[PDB]
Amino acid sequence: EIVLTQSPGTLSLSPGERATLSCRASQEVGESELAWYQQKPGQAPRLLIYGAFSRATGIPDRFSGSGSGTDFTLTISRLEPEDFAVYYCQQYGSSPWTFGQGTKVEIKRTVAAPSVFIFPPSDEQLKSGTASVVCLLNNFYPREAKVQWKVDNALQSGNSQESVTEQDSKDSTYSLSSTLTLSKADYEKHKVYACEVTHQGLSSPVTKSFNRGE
């Protein structure tokens, strides 16, 4: 199989700038054998450009491709708002048809530190024998953030799940929720529940905590 490898994972640019995305083949692929697809969240992908110079119907001429053999690139000469999306290359000269793993083109904006909120489990949920503690990092940029859970000032391992929103369409930020899940019995053994956030926009790590029973 011809394995396709893309770069970078995420390309951070502002509207109007020029985007060059990369696609690398494990073998020598012919310049007219590559295709590029655009995908937006929740939608099917659609074809942009293909062949050596060809372009799918309704795709504008700021989209253009080049490269030979091993190293291909897709150029977006001037990024429009509707062009921030994920892009996939694909070779179609031999089988199997293989895709790169995608490059996200995200809007670069100024750094924004997250606002942090910690929610103790509902009385309702506790009744059922499980305690979910939720830490929210809201409207921040860039995407990379580090959440650590301390229970009575003791870092937790293996008992959290994180989840990040798509980049906001208006303020170009992200939001992250980290959920810490314990049994009722463990949750009532301890007292101080604390969420510890590290981010590029924070001089110091921010700690939001609560005392069980307030």
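In this text, residue numbers run from 1 along the sequence as written.
A.B. asks: In the PDB record, does 36-44 or 52-60 carry the higher mean Cα temperature factor?
C.D. replies: According to the PDB entry, the answer is 52-60.
A.B. asks: Which has higher Cα B-factors on average according to the PDB entry: 5-13 or 198-206?
C.D. replies: According to the entry, 198-206 carries the higher average C-alpha B-factor.
A.B. asks: What third of the chain, by the recorded C-alpha B-factor, contains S183?
C.D. replies: Middle third.
A.B. asks: Once the chain's modelled residues are ordered by C-alpha B factor and cut into thirds, is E80 in the lowest, middle or highest one?
C.D. replies: It belongs to the highest third of the chain when residues are ordered by C-alpha B-factor.
A.B. asks: Quick check on the deposited entry: does the C-alpha B-factor of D168 sit in the lowest, middle or highest third of its chain?
C.D. replies: Answer is middle: the recorded C-alpha B-factor places it there.
A.B. asks: Could you tell me which third, lowest, middle or highest, the C-alpha B-factor of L176 occupies within its chain?
C.D. replies: Its C-alpha B-factor belongs to the lowest third of this chain's values.
A.B. asks: Can you tell me which third, lowest, middle or highest, the CA B-factor of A25 falls into for its chain?
C.D. replies: Lowest third - that is where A25 ends up once the chain's C-alpha B-factors are sorted.
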